[PDB]
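First comes the structure, then the notes that go with it.
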Protein chains: 2
Amino acid sequence: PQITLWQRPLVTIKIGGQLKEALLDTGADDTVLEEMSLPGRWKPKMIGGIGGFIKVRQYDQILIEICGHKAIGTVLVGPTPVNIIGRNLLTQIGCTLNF
Amino acid sequence: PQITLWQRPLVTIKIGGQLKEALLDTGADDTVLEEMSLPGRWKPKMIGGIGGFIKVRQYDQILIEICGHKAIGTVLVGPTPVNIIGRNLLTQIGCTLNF
Ligand SMILES: CC(C)[C@H](NC(=O)N(C)Cc1ccccn1)C(=O)N[C@@H](Cc1ccccc1)[C@@H](O)[C@H](O)[C@H](Cc1ccccc1)NC(=O)[C@@H](NC(=O)N(C)Cc1ccccn1)C(C)C
């Protein structure tokens, strides 16, 4: 699609057989989802933003589908206000910024 | 221009005839710049992110220019580690997400 930015670029993702909404976020390096159980082993990790650092769990090599496009990569799960799709997965689906 | 997401989408902005660099960020609602003293009237504000909130000063009607494109709007100033161009100014420059 072409997405304009008059509103938040929220899309539907499919992950772990769940449907969620998530924000397509060019300013995030990483992908951060709200707390959930995923299959897999995980490593504790820290990530930061405005306001500080949070503790998250890192899951590697996770399959996610964003608007019908598949991505396989690292997902962090932790106490985020909103599900964030970062540049690690946006690049896999061929996302660009245009103007 | 088409900006790819392999690297962080940092561009040059001009604000007050200063060049700076800034992150084009579709996940930010607002624009947030590193501490600087602008003329103008301000309001105190709090903005949140990953690890919590910071305190900023809000200036309205600021002209910024982003890759030769002018935009005019609200800018928040405070102790951010990076300059962030948010959706309030990205929309004005006609910026889209495409995949
Ligand atoms: C999500 C994490 C992994 C991300 N961090 C990083 O990517 N890094 C720390 C790497 C880095 C280092 C240096 C330079 C650039 N990047 C982040 O917080 N990114 C911020 C920008 C930023 C980068 C570095 C340091 C500080 C800040 C931003 O790109 C991202 O869009 C976040 C996402 C988010 C939204 C809501 C709540 C929590 C996170 N937005 C924000 O932090 C903005 N807030 C909002 O827009 N809102 C709270 C409104 C809102 C609410 C709900 C949904 C959307 N918007 C700030 C900049 C104003």
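Just so we're on the same page: letters track the sequence lines, and every chain starts at 1. Computation of the quantities below employed the complete heavy-atom set of this structure, encompassing side-chain atoms and omitting hydrogens, waters and symmetry-equivalent molecules.
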Practice problem: Please assess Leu24(A) against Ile66(A) for the test side-chain contact (heavy atoms from CB on, under 4.5 Å), listing each intermediate value before the final yes or no. | Solution: CA-CA 10 Å; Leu24(A) 304 174; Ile66(A) 301 135; 4.2 Å; yes

Self-check item: Any side-chain heavy-atom pair of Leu97(A) and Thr26(A) under 4.5 Å
Solution: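 Yes, at least one pair of side-chain atoms sits under 4.5 Å.
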
Go through [options] and name the one with the most non-hydrogen pairs under 4.5 angstrom from chain B.
options                               : answer
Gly86(A), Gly51(A), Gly52(A)          : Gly51(A)
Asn88(A), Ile84(A), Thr96(A)          : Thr96(A)
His69(A), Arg8(A), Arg87(A)           : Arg87(A)
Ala28(A), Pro9(A), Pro79(A), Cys95(A) : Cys95(A)

Practice problem: Would you mind checking which part of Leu23(A) comes under 4.5 Å of any heavy atom in chain B, side chain (CB onward), backbone (N, CA, C, O), both or neither? | Solution: side chain

Exercise. Check each atom of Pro81(A) against the heavy atoms of chain B and say whether the ones under 4.5 Å are side chain, backbone, both or neither.
Key: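 Contact with chain B: side chain only.
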
Quiz prompt | Contact leader toward chain A among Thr91(B), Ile50(B), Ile3(B), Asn98(B), where contacts are heavy-atom pairs under 4.5 Å | solution = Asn98(B)

Quiz item: Given the options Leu5(B), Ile93(B), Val32(B), which has more heavy-atom pairs under 4.5 Å with chain A than any of the others?
Solution: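 Ranked by contacts with chain A, first place is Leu5(B).
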
Practice problem: Could you tell me which portion of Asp29(B) (side chain, backbone, both or neither) has an atom closer than 4.5 angstrom to a non-hydrogen atom of chain A? | Solution: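 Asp29(B) touches chain A through side-chain heavy atoms alone.
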
Quiz prompt | Under 4.5 Å from any heavy atom of chain A - which part of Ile85(B) | solution = neither

Self-check item: Residue list, salt bridge (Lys or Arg N to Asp or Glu O under 4.0 Å) with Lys55(B), at least two apart or on another chain
Solution: none

Quiz item: Taking the inter-plane angle between the rings of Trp42(A) and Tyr59(A) on a 0 to 90° scale, is it parallel (under 30°), tilted (30 to 60°) or perpendicular (over 60°)?
Solution: tilted

Quiz item: Do side-chain atoms of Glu21(A) reach the backbone of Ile13(A) as a donor and acceptor pair under 3.5 angstrom?
Solution: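 No; judged by distance alone, with no hydrogens or angles, the pair does not exist.
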
Quiz item: NZ/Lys70(A) to CG/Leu89(A) distance, rounded to the nearest 0.5 angstrom?
Solution: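 Taking NZ in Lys70(A) and CG in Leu89(A), the distance rounds to 14.5 Å.
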
Quiz item: Is it true that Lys43(B) and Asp60(B) have a side-chain N and a carboxylate O under 4.0 angstrom from each other?
Solution: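 Looking at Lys43(B) and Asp60(B), the cut-off is met.
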
